[PDB]
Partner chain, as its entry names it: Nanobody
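What follows is a single chain, given as C-alpha cells, in the form deposited without its partner chain.
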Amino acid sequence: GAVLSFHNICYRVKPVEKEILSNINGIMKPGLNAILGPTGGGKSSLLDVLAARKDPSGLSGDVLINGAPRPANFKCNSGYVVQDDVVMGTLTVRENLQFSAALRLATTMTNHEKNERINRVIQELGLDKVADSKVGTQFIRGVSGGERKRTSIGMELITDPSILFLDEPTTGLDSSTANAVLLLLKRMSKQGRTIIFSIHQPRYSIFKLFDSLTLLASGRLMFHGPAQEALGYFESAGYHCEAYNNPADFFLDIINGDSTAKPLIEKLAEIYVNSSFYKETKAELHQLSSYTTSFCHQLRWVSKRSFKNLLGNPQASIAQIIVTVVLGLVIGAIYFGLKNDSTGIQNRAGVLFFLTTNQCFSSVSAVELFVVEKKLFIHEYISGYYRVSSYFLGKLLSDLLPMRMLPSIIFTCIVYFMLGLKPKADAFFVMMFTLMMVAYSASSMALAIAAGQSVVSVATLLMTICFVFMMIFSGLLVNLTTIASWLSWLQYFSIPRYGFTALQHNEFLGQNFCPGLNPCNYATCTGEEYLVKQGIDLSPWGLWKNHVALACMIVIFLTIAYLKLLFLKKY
C-alpha cells in the first residue's frame, strides 16, 4: 500500500505574506482518512499541498510517499476531485468519462475494456438514468448539481488510482446518496488504496468508517489520530459529550466555543502538542527521514471534444454560418449589377471594406470560448491529462481552422457573380484566399490577446478596440497618403489594410469609370488613378506583399499565444 506522510508543513500566500497553514504534522496511512474542519479553516489548501497543486514557493516542509520523496509519476498514480465541479456541460456523462479514460488510462487496453470499466463506475455511483444525458448548458437544462458532482468523482475513479484526494465529495447530496458514495470509497479502501477527503456534517454511521482523522481549524491542527480515539482525547481536557448523538457536531461546537470545558483555537492546539498522539507521530515522522499516452492521441481526443463543444454552443458556429449566408444574399441584392459609372468606385470600395471588417470582427465570438475554458485547461494539465502543445494544436485544428475557412468561401461564391466583379477565375481565387488569410490572422491576434485572461468582458473589449483602431487605417475612411509621417507607420500593423488593398488591386486594375469620353482633371475616370491616389502600387508585388505580411502575422501571433500558455501559472 501507499503510506503518505508530512512533517512541519507551513504555507504562505501573498508584499504582505500570510500563513494559511501553520505547523502541521501527520501520517495518512492506507485505508480511509478524513479532514473535518470549519469553513475557512484550510481544508482545501492542505489537500492541494499534499497533491502538489500549490505553488512550491510557499511550502515549508517535506512530503514523502512510503518514505521516499515524491516520484515524478505522482500525478500519473493519483486522483484529485475539485470542490467546484469542472465538467464540460455540452457533453454527456459518459462522454466525459470516456475522455478521462482515453488520455489517462494507457492505450494498451482495448477500447471495449475501457467502456466496460466506465459502465461499472456509473452503476456504482447511481448515474445510470443520466448516463447519456447532457450536463447543464445555458441553452440546455441539464442534470442536477448532485449528478454533476458524482460525475467528477467518476472521472478520477476510472484511472484506478493507488491514491485518491477528494474535496467535499458530499455537497448538494442527500444523506442516502452521500452514504452510498462513502461506502464505495470504504470498499475501495480495503484493497490498499489510500483515500483522503474533506467532508461536512457526517452521520454517525459514516464517522465510524473513518480510520484516521484530521481536524483543521484556522490553519492550526487541533487533532490528528485514529478517529475512534478522538472522543477520548477531548473528554480528557473536558467536554464530556453526553449531549450530542452525532460526535462530528461535538468537535465543531468545541472549536466554535459553544460547549462546556489565548483564543479557543490557540488554546486547543497547545493541548494537542502535549498529547501522546503528537509524540507518537513525531517519533514516526523523524524516524522516516511523464505522460501515459503520446502526442497524436492527445491531439485527436482534444480536437474531438472541441468539435463537440463548438457544435453544442450554437451561437458561435450555426449562427455565424446562417448570418454569413443572409449577409451574402442581402449584399448581392443591394449591390446587384455594379456599373462602370460614377457610382461604381464607391460601391466597390464599400462592399470590399464590409467583407474585410466582417471577417475581422467575427473572430471575437470564437475565442471567447477559448477564454471560458481556462479553468478546465489548468485543472486537466495539472492532473496530467495532456501537454500544452496538444491542447493548442487541437483547439486550432478543431475550432479555428475549419470554421473560419467557410465564411470566405460562402461570401465569394454568393457575392462575386451577383455583383459582377472581375469575370476572371484568378481574381475569384485570389479573393477567396485573401479573405481566408485575414480571417486566420484576426483569429490568431485574438488568441494572442485572450489566452491566459480569465474575464471574458475584458478580452472582448480589448480585441474590439484593437480591431477598431485597425479599421481606421483600412484605406477608405481616411486617405493614407495624407496622414502625417509620425503616425503613418501604424498603417503597417493593420490587417484590414492588407486585405482591402489586395481586393482593390484585384478589382480596379483594368476598369474605366467615366462612361463617355481635353481630359477632365480632378476626375478619377480610370481605376489605376484611384489606386494611385489611395497610395497603392500597380505592380504584381503589392498584392502578394499583403498576403505574405498576413502569413507572417499569423505565425507570430500563434507563437505568442503558445508562449503565453507555456509561462502561465499552473498551480
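Numbering follows the first chain given and starts at 1. Take the two forms, superpose them, and find the largest set of C-alpha atoms that agree within 1.5 Å; that set is the rigid core.
Another form exists, deposited with its partner chain bound; not displayed. Remarks below refer to it.
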| request: Would you kindly say which of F428, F277, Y291, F392 lies with a heavy atom within 4.5 Å of its partner chain in the deposited complex? | output: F277
| remark: Testing 429-437, 88-96, 239-247, 291-299 against its partner chain in the deposited complex with a 4.5 Å heavy atom criterion leaves exactly one stretch, namely 239-247
| Can any non-hydrogen atom of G232 be found within 4.5 angstroms of its partner chain in the deposited complex? | yes
| field | Contact label in the deposited complex: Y492 to its partner chain, heavy atom within 4.5 Å | value | no
| said: Although the partner isn't part of this model, could you tell me whether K424 comes within 4.5 Å of its partner chain in the deposited complex, counting any heavy atom of the residue? | reply: no
| task | Considering only heavy atoms, tell me if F207 and its partner chain come within 4.5 Å of each other in the deposited complex. | result | yes
| Taking the rigid core as reference, which of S474, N96, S408, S444 is displaced at the C-alpha by at least 2 Å between the shown form and the other one? | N96
| message | With both forms fitted on the core, check whether the Cα of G535 differs by 2 Å or more between the shown form and the other one. | response | no
| task | Please say whether, between the shown form and the other one, the C-alpha of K545 moves by 2 Å or more once the core is aligned. | result | no
| said: Tell me whether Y204 is among the residues that move between the shown form and the other one (Cα shift of 2 angstroms or more, core superposed). | reply: yes
